[PDB]
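Novice: Dropping in coords_6.pdb, which is PDB, C-alpha atoms and all ligand atoms:
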ATOM      1  CA  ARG A   1      77.005  95.784 114.610
ATOM      2  CA  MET A   2      78.170  99.303 115.422
ATOM      3  CA  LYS A   3      80.781  98.042 117.905
ATOM      4  CA  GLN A   4      81.903  95.345 115.444
ATOM      5  CA  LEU A   5      82.315  98.050 112.818
ATOM      6  CA  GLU A   6      84.303 100.421 115.004
ATOM      7  CA  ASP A   7      86.616  97.652 116.196
ATOM      8  CA  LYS A   8      87.244  96.665 112.621
ATOM      9  CA  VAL A   9      87.884 100.227 111.383
ATOM     10  CA  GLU A  10      90.321 100.671 114.302
ATOM     11  CA  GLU A  11      92.142  97.599 113.072
ATOM     12  CA  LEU A  12      92.086  98.680 109.467
ATOM     13  CA  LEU A  13      93.509 102.147 110.392
ATOM     14  CA  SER A  14      96.544 100.460 111.853
ATOM     15  CA  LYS A  15      97.146  98.071 108.964
ATOM     16  CA  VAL A  16      96.734 100.828 106.382
ATOM     17  CA  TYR A  17      99.321 103.024 108.203
ATOM     18  CA  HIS A  18     101.650 100.096 108.412
ATOM     19  CA  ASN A  19     101.277  99.480 104.692
ATOM     20  CA  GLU A  20     101.891 103.231 104.016
ATOM     21  CA  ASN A  21     105.154 103.067 106.003
ATOM     22  CA  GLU A  22     106.346  99.913 104.265
ATOM     23  CA  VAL A  23     105.529 101.375 100.835
ATOM     24  CA  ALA A  24     107.423 104.596 101.759
ATOM     25  CA  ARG A  25     110.519 102.553 102.591
ATOM     26  CA  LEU A  26     110.214 100.386  99.508
ATOM     27  CA  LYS A  27     109.918 103.539  97.353
ATOM     28  CA  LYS A  28     113.173 104.760  98.861
ATOM     29  CA  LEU A  29     114.950 101.383  98.351
ATOM     30  CA  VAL A  30     113.923 101.208  94.673
ATOM     31  CA  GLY A  31     114.221 105.019  94.069
ATOM     32  CA  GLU A  32     110.493 105.689  93.185
TER      33      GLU A  32
ATOM     34  CA  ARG B   1      73.938 103.577 106.178
ATOM     35  CA  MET B   2      74.899 100.705 108.464
ATOM     36  CA  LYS B   3      74.665  98.156 105.632
ATOM     37  CA  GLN B   4      76.590 100.486 103.297
ATOM     38  CA  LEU B   5      79.284 100.763 105.952
ATOM     39  CA  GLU B   6      79.598  97.041 106.583
ATOM     40  CA  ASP B   7      79.751  96.253 102.869
ATOM     41  CA  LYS B   8      82.482  98.806 102.460
ATOM     42  CA  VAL B   9      84.536  97.603 105.454
ATOM     43  CA  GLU B  10      84.235  94.046 104.073
ATOM     44  CA  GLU B  11      85.692  95.326 100.832
ATOM     45  CA  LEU B  12      88.413  97.301 102.523
ATOM     46  CA  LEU B  13      89.459  94.232 104.618
ATOM     47  CA  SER B  14      90.142  92.346 101.430
ATOM     48  CA  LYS B  15      92.079  95.112  99.694
ATOM     49  CA  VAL B  16      94.192  95.792 102.777
ATOM     50  CA  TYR B  17      95.134  92.068 103.048
ATOM     51  CA  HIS B  18      95.955  92.017  99.392
ATOM     52  CA  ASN B  19      98.185  95.052  99.807
ATOM     53  CA  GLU B  20      99.865  93.390 102.861
ATOM     54  CA  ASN B  21     100.654  90.295 100.757
ATOM     55  CA  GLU B  22     102.022  92.311  97.850
ATOM     56  CA  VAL B  23     104.184  94.411 100.194
ATOM     57  CA  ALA B  24     105.499  91.196 101.854
ATOM     58  CA  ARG B  25     106.591  89.874  98.462
ATOM     59  CA  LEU B  26     108.093  93.172  97.388
ATOM     60  CA  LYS B  27     110.069  93.309 100.667
ATOM     61  CA  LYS B  28     111.479  89.888  99.850
ATOM     62  CA  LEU B  29     112.336  90.848  96.221
ATOM     63  CA  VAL B  30     114.185  94.009  97.316
ATOM     64  CA  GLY B  31     115.613  92.446 100.556
ATOM     65  CA  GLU B  32     113.840  94.809 103.087
TER      66      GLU B  32
ATOM     67  CA  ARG C   1      79.415 107.334 116.033
ATOM     68  CA  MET C   2      77.859 106.603 112.650
ATOM     69  CA  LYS C   3      79.154 109.873 111.165
ATOM     70  CA  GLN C   4      82.593 109.285 112.719
ATOM     71  CA  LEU C   5      82.617 105.843 111.127
ATOM     72  CA  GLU C   6      81.605 107.005 107.666
ATOM     73  CA  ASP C   7      84.153 109.823 107.682
ATOM     74  CA  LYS C   8      86.833 107.368 108.648
ATOM     75  CA  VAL C   9      85.873 104.754 106.025
ATOM     76  CA  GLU C  10      85.892 107.551 103.412
ATOM     77  CA  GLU C  11      89.428 108.340 104.477
ATOM     78  CA  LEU C  12      90.505 104.734 104.521
ATOM     79  CA  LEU C  13      89.099 104.179 100.969
ATOM     80  CA  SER C  14      91.407 106.865  99.686
ATOM     81  CA  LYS C  15      94.525 105.656 101.484
ATOM     82  CA  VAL C  16      93.939 102.055 100.426
ATOM     83  CA  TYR C  17      93.606 103.112  96.738
ATOM     84  CA  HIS C  18      96.722 105.170  97.054
ATOM     85  CA  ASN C  19      98.584 102.204  98.500
ATOM     86  CA  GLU C  20      97.232  99.976  95.652
ATOM     87  CA  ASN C  21      98.595 102.438  93.062
ATOM     88  CA  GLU C  22     101.992 102.699  94.731
ATOM     89  CA  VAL C  23     102.257  98.901  95.014
ATOM     90  CA  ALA C  24     101.309  98.562  91.298
ATOM     91  CA  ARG C  25     104.156 100.893  90.345
ATOM     92  CA  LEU C  26     106.625  99.222  92.668
ATOM     93  CA  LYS C  27     105.693  95.821  91.171
ATOM     94  CA  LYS C  28     106.507  97.215  87.743
ATOM     95  CA  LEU C  29     109.841  98.755  88.899
ATOM     96  CA  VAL C  30     110.993  95.478  90.496
ATOM     97  CA  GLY C  31     109.359  93.216  87.814
ATOM     98  CA  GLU C  32     106.873  91.359  90.158
TER      99      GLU C  32
HETATM  100 CL    CL D 101      94.392 107.119 111.353
HETATM  101 CL    CL D 102      96.385  99.349 102.481
HETATM  102 CL    CL D 103      90.430  90.726 108.250
HETATM  103 CL    CL D 104      86.471 102.827  96.764
END
How does the structure come out when it is put into structure tokens?

Specialist:
Amino acid sequence: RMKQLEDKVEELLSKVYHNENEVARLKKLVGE
Amino acid sequence: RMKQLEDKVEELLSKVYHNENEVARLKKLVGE
Amino acid sequence: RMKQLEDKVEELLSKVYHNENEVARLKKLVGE
């Protein structure tokens, strides 16, 4: 379970960062 | 702590996916 | 590895919530 967990956190890290970047751009495009 | 961790990753998975979906729609609505 | 994992989930919790809040506002600003 520890390796399952670490693999999944590694994946979540990436998706969260991606979402941060997309939100940053959207904020710019809307002026927020 | 292992069960706490897994429960929390399970919850984070869901929220991240939800955020991905909402961002996808917003990108469409703004044209991004 | 357990402490590394918990520290990282704690950080991901925060970033996910932040992203939720930003998405909520954007949805309002676009009308989504
Ligand atoms: Cl990171
Ligand atoms: Cl997220
Ligand atoms: Cl998933
Ligand atoms: Cl939380």

Novice: Pick from C:11, C:6, C:22, C:1: nearest to chain B, with only C-alpha atoms counted?

Specialist: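 Selected residue with least distance to chain B: C:6.
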
Novice: Taking the file as shown, what set of residues would the PyMOL selection byres (((not hetatm)) within 8 of (chain D and resi 102)) give back, as a PyMOL selection string?

Specialist: (chain A and resi 15-20) or (chain B and resi 15-20) or (chain C and resi 15-20)

Novice: Produce a table with one row for each residue of chain A that has an atom at most 12 Å from any atom of ligand CL 103 (chain D), each row naming the nearest atom pair and its distance in Å at one decimal; use only C-alpha atoms and all ligand atoms; arrange rows by chain and rising residue number; format as JSON lines.

Specialist:
{"residue": "A:5", "atom": "CA", "partner": "D:CL103", "partner_atom": "CL", "distance": 11.8}
{"residue": "A:7", "atom": "CA", "partner": "D:CL103", "partner_atom": "CL", "distance": 11.2}
{"residue": "A:8", "atom": "CA", "partner": "D:CL103", "partner_atom": "CL", "distance": 8.0}
{"residue": "A:9", "atom": "CA", "partner": "D:CL103", "partner_atom": "CL", "distance": 10.3}
{"residue": "A:10", "atom": "CA", "partner": "D:CL103", "partner_atom": "CL", "distance": 11.6}
{"residue": "A:11", "atom": "CA", "partner": "D:CL103", "partner_atom": "CL", "distance": 8.6}
{"residue": "A:12", "atom": "CA", "partner": "D:CL103", "partner_atom": "CL", "distance": 8.2}
{"residue": "A:15", "atom": "CA", "partner": "D:CL103", "partner_atom": "CL", "distance": 10.0}

Novice: Under the PyMOL selection byres (((chain A and resi 29) around 12) and not hetatm), which residues of this model are included? Write them out as a VMD selection string.

Specialist: (chain A and resid 22 to 28 30 to 32) or (chain B and resid 26 to 27 29 to 32) or (chain C and resid 26 29 to 30)

Novice: So what do you get for CA of residue 14 (chain C) versus CA of residue 4 (chain A), distance-wise?

Specialist: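 CA of residue 4 (chain A) lies at a distance of 21.7 Å from CA of residue 14 (chain C).
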
Novice: Please enclose the listed atoms of region 2-18 of chain C in an axis-aligned box, pad each side by 6 Å, and write out the centre and the three edge lengths in Å, rounded to one decimal, as JSON.

Specialist:
{"center_x": 87.3, "center_y": 106.0, "center_z": 104.7, "size_x": 30.9, "size_y": 19.8, "size_z": 28.0}
